[PDB]
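Chain letters run A, B, ... following the sequence lines, proteins first, then strands; residues in each count from 1.
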Amino acid sequence: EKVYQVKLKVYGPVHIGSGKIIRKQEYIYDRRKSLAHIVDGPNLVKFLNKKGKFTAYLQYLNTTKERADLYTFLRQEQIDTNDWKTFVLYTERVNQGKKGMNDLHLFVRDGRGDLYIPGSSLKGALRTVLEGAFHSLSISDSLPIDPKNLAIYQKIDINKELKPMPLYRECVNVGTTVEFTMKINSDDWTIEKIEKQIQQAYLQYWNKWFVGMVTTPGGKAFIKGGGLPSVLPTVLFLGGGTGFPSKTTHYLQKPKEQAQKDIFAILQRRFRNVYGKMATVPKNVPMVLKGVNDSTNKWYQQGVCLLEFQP
Amino acid sequence: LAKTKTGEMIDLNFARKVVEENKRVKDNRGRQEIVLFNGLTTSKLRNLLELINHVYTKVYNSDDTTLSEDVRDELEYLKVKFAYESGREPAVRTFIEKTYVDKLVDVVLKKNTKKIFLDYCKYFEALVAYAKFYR
Amino acid sequence: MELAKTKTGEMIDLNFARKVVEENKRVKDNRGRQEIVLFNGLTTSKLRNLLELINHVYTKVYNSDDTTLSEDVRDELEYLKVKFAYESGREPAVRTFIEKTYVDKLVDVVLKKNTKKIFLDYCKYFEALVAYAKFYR
Amino acid sequence: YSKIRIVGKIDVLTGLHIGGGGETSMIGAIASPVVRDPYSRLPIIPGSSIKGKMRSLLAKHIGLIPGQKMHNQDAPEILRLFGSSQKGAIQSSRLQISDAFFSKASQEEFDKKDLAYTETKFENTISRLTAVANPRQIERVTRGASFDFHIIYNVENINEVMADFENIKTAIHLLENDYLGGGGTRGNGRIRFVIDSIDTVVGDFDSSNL
Amino acid sequence: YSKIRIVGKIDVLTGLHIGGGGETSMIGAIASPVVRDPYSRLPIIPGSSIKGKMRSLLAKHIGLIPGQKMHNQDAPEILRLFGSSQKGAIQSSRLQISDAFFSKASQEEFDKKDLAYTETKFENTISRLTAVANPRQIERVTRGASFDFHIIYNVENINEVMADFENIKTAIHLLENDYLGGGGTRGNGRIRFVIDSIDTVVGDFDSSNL
RNA sequence: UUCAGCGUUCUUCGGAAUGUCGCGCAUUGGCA
RNA sequence: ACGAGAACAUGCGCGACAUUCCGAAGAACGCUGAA
């Protein structure tokens, strides 16, 4: 069974969902800092009972149920940042697309707590492309990545406009390279075949859905800001929040009109409030593109990565 | 576990009873749309279940019969997390006040035993299961 | 076993378990090939998961010398009805199976009897449901 | 009649999951528990799993006979090392692989870092047509955990011993490149084998050269 | 005529499976249970199992004549210790090995901490051809559990007693490096005779140095 | 323009043991 | 002054051998709601 090193470069930030979403009240975000401090709840609680401010915390959250940010409260009580460090697990830069972060999706971490990409996630991303076996393909868990390459990126819905959604996802930063080891059986999989399939699937994704998405005014704004890099080859979307055109094989196997109609029927059946009320197939199915931006105001497509294979 | 107001024990049977009491038909547009606890949905219930499950796994991995200090701190956070959720959503508030979960966590804290925490976790699990059953 | 009497007064027994599987057996010619469908779509894996739950309670009581059901055993039985309810809500075929076989109703009878024999009898009936489901597939 | 004793450590390079059955599970909690020692409630690696993976890896490496149906049809080396129940040709197993227990060194290491022995991974199966997902929570032994492995070899034939130990070394190499436990093709189960001491515990065989 | 009583404990290093059949098994339950005393429903280590395993290991250590078909062809020391059945050469066995019974102290150690005496182990076999796994559940005695042992040695010839006990020690040493019961080549039945107590219960023989 | 996330999946499907022995030998009987 | 008296159904013997709890399975799909 041939073994190939698999290097993944993240063109656009990737969030693999640990399975945990944290409310703004749980974390500390300072807009001027542009830094969010992840706080282990039980320790913060214990700290606030020790200081006697726990009653004040409870009254604060009750007073403003819709907005319960910790930063505000901690500032209101004049608690020093040195005092904060005790109940702060770590700190990560924030790429806000709007103000105050509404909620945070935390990246997946092991029992040791090092950030890593599950070989299961990569395998599934490849499998979506390569369908058309799967015990012969082997994908390993990623080598743990340095936390310096993790930041929070705002979720922006791009459909005739760029609207920042109330979702924030810790994501592997752009430029970061993730290393995996792939083992394949010559009688089932050839690495040239895998790479060619991925390239063809990308091309199908680009010509059937991406171009129509660009034609919308929000897509034009996304492209003007640098949303589509020139290099974007072999492209795999491994991130959460990428969208319906990936993770499904409709655009990879069906004609553009046929694939659009089938996906539209699927969305009408599953989401009867957004697409069920609609009576006609729109220009793009699904309607909305997913995008992150940066402080340099450079836009990135969510979860877009380039895959390199070496013998 | 504990006895509620008007002298009713907390049981999985009581979980079924409290889930079915707050069930209302409320048919809309000639179609039946079941609503629980004045509109509580399954997503909020699953969120609360995840809150429970983290500490449940932590306790289940432990061998001692007494809750450790970190378990007690997690239960205090659980009290805070329920209060934050009850605040934002009226349906979550109604569910919490009808199921007496925010008081059962205090009962578990005072008992300071693995068995009482496991039974409370089972009770919350039965709440989720019976909400799924009556949906 | 005379575990229970079902609506219309029919007894619950291993022979009844064979009959209940037989009544709820249909032949659907999906893709031309004739396929057996039990309880409007019950799968082997779902029934095996239900059988796993019974086994965990069973190993306790079956090993136990004492006749009366232990309080923890009674707890596991109450949990079983909660799991029954959960699986019924999560799968229509499982709800059909529970309604037709009356397995959930029987667990309450086993709790009422507080007897190892009525427990072993409930376990036998559940095992027959599984065995007959295998035989008629 | 000599017995050679090999002791050492199996080290978890990636989260390792060996399935266990009959474990009650809470709704929304871990639904795929790893095998655990009932007394200490600690993760354990079954010697049956190690023996099966090593035997399968070695048998496939030397080469299965075409249309092989049974384990008793393996190559004679594999039959001598791992046994054979063939009718009229029953062969003893020189390898006696035992249960690998969670080492006290790795347990103390974890307790120093306040880390649990078994991590919980969240995975899902996504439909590639409707994009409907089915979330699963699994249990994997945390990376860097070590297990005390203990293997007994029996010296039935003095001449055969050197080739047998060469085959055991080959099987260890196979199991290092290969995974142990389930979901290996999705990254789980990568392991490392270190040796503490190869000693002859019974008889006068000289195991220092091994 | 003297009788020396050897009383002690056997400790389950790894899970012990000595099978006992005769009972139909429920679907989905353990296919192969362990032998258990009927009255206490507690597992037992049969004296026949211990005697047979000790005799086999001692015969392998002393040596087997080429093409040995019967157990009466063993070495004269083995026939002296464990008994013989030849026509005109029936040797009474000096060793009477009793059934080991689960220790009350191990029972208390398990009743507290609420641990079951026996553990269900979920294994599978993976076909060489279809690569299809067929599962099984086997009962094993838990590692912490300990079995009280009881052996009687009859002093028929006072001269050989030391040598005979040496053989016994050798056999026990072998049994410590070997396993007991079934499935021991995949990690089952590892034991140790940590507790020994030797006393002349009948007669006037001197067992102080035994 | 601001303010917020919300809803849905919570494990699934297979495989559930199999094959091998199922008492043998001595006395006894039988033959001589 | 019982078809009787004397007479251990006994000796030897591992419920054992072969058997991966595996195979497949991206934590992510829609984007909207309120003011």
Side-chain angles (χ1 to χ4, degrees), chain A residues 16-19 66-67 102-103 108 118 120-125 127-128 134-135 157 159 165-167 238 240-244 247 267 270-271 273-275 286-288, chain B residues 41-43 46 49, chain C residues 43-45 48, chain D residues 18-21 27-28 31-32 35 46 48-53 55-56 70-72 82-87 90 93 122-126 131-137 180-183 186, chain E residues 18-21 27-28 31 35 46 48-53 55-56 70-72 82-85 87 90 92-93 122-126 131-137 180-182 186:
Chain A
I16 309 293
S18 48
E66 307 176 1
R67 291 193 297 274
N102 314 63
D103 63 2
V108 54
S120 50
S121 299
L122 187 63
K123 199 181 186 190
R127 180 166 208 255
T128 295
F134 296 132
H135 169 80
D157 276 358
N159 164 70
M165 288 296 292
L167 212 49
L238 191 46
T242 299
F244 207 102
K247 313 259 176 301
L267 296 178
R270 303 217 296 118
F271 315 100
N273 296 20
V274 176
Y275 289 89
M287 284 168 328
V288 182
Chain B
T41 69
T42 56
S43 186
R46 293 321 292 253
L49 190 53
Chain C
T43 50
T44 325
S45 180
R48 286 315 294 240
Chain D
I18 304 195
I27 295 316
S32 305
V35 189
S48 55
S49 301
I50 316 169
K51 190 186 187 186
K53 292 236 58 177
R55 185 205 184 114
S56 312
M70 311 273 279
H71 298 267
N72 295 334
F82 300 93
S84 176
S85 181
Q86 182 68 275
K87 232 214 172 153
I90 294 185
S93 63
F122 294 36
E123 314 180 301
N124 64 349
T125 306
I126 317 176
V132 176
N134 184 8
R136 56 178 178 295
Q137 277 157 120
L180 187 74
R186 294 184 288 295
Chain E
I18 304 179
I27 295 160
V35 51
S48 42
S49 305
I50 315 173
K51 187 181 181 189
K53 200 57 174 176
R55 177 165 178 166
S56 172
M70 309 316 222
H71 293 257
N72 298 146
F82 297 100
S84 180
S85 194
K87 279 192 60 56
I90 273 149
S92 184
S93 81
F122 277 76
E123 304 140 281
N124 66 46
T125 165
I126 299 181
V132 152
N134 173 242
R136 60 180 186 269
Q137 324 180 3
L180 194 60
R186 294 175 296 276

Next on the checklist: Categorize E:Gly21 for me: base, sugar-phosphate, or nothing, with a 4.0 angstrom heavy-atom threshold over every strand shown.
Outcome noted: nothing
Next on the checklist: Please classify the nucleic acid contact of D:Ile18 as base, sugar-phosphate, or nothing, using heavy-atom distances under 4.0 Å.
Outcome noted: sugar-phosphate
Item to check | Pairing nucleotide - F:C31, Watson-Crick or G-U, each distance under 3.5 Å | outcome: none
Checklist outcome for this item: Paired to G:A6 by Watson-Crick or G-U wobble criteria (both distances under 3.5 Å) is none
Checklist outcome for this item: Of the listed G:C14, F:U11, G:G26, the closest approach to the E:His71 side chain comes from G:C14
Checklist entry - Of the nucleotides G:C22, G:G30, G:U19, which one has an atom closest to the side chain of D:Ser49? => result G:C22
Checklist outcome for this item: Heavy-atom nearest nucleotide on RNA chain F taken for A:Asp103 and for D:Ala31; more 5' hit belongs to A:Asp103
Next on the checklist: Of the options G:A18, F:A26, G:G30, whose atoms approach the side-chain atoms of E:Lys87 most closely?
Outcome noted: F:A26
Next on the checklist: Checking E:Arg136 against E:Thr125: is there a side-chain donor and acceptor pair closer than 3.5 Å?
Outcome noted: no
Checklist outcome for this item: In whole angstroms, the gap separating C1' of F:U9 from CZ of A:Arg270 amounts to 9 Å
Item to check | Complementary nucleotide for F:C25 - Watson-Crick or wobble, under 3.5 Å | outcome: G:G11
Checklist entry - What distance do E:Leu180 atom CG and E:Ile18 atom CD1 have between them, rounded to the nearest 0.5 Å? => result 4.5 Å
Checklist entry - What is the nucleic acid contact for D:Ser32, judged by heavy atoms within less than 4.0 Å: base, sugar-phosphate only, or nothing? => result base
Checklist entry - Under 4.0 angstrom, heavy atoms only, what part of the nucleic acid is B:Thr42 near: base, sugar-phosphate, or nothing? => result sugar-phosphate
Next on the checklist: If you only use heavy atoms from C-beta on, which nucleotide in G:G26, G:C14, F:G15 is closest to the side chain of E:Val132?
Outcome noted: F:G15
Next on the checklist: Of the options F:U9, F:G15, G:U19, whose atoms approach the side-chain atoms of D:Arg55 most closely?
Outcome noted: G:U19
Next on the checklist: Classify D:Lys53 by what it touches in the nucleic acid, base, sugar-phosphate, or nothing, heavy-atom distance under 4.0 Å.
Outcome noted: base
Checklist entry - Do E:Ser92 and G:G11 have a side chain to base donor-acceptor pair shorter than 3.5 Å? => result no
Item to check | Closest to side chain of A:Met165, choosing from F:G5, G:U20, F:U8 | outcome: F:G5
Checklist outcome for this item: Answer for the Watson-Crick or wobble partner of G:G26, both distances under 3.5 Å, is none
Checklist entry - What is the nucleic acid contact for E:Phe122, judged by heavy atoms within less than 4.0 Å: base, sugar-phosphate only, or nothing? => result base
Checklist entry - Touch check for A:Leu167, heavy atoms < 4.0 angstrom, all strands: base, sugar-phosphate only, or nothing? => result base
Item to check | Sugar-phosphate only, base, or nothing, as touched by E:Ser56 at under 4.0 Å among non-hydrogen atoms | outcome: base
Checklist entry - With both distances under 3.5 angstrom, what nucleotide forms a Watson-Crick or G-U wobble pair with G:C17? => result F:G19
Checklist entry - Side chain of D:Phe82: nearest nucleotide among G:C29, G:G26, G:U19? => result G:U19
Next on the checklist: Taking G:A27 as the reference, what is the distance to F:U8 when you measure between their P atoms (whole Å, please)?
Outcome noted: 22 Å
Item to check | G:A25: north vs south, judged on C1'-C2'-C3'-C4' | outcome: south
Checklist entry - Using atom P of each nucleotide, how far apart are G:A7 and F:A32 to the nearest Å? => result 37 Å
Checklist entry - Where the side chain of A:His135 is concerned, which of G:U20, G:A24, G:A28 is the nearest nucleotide? => result G:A24
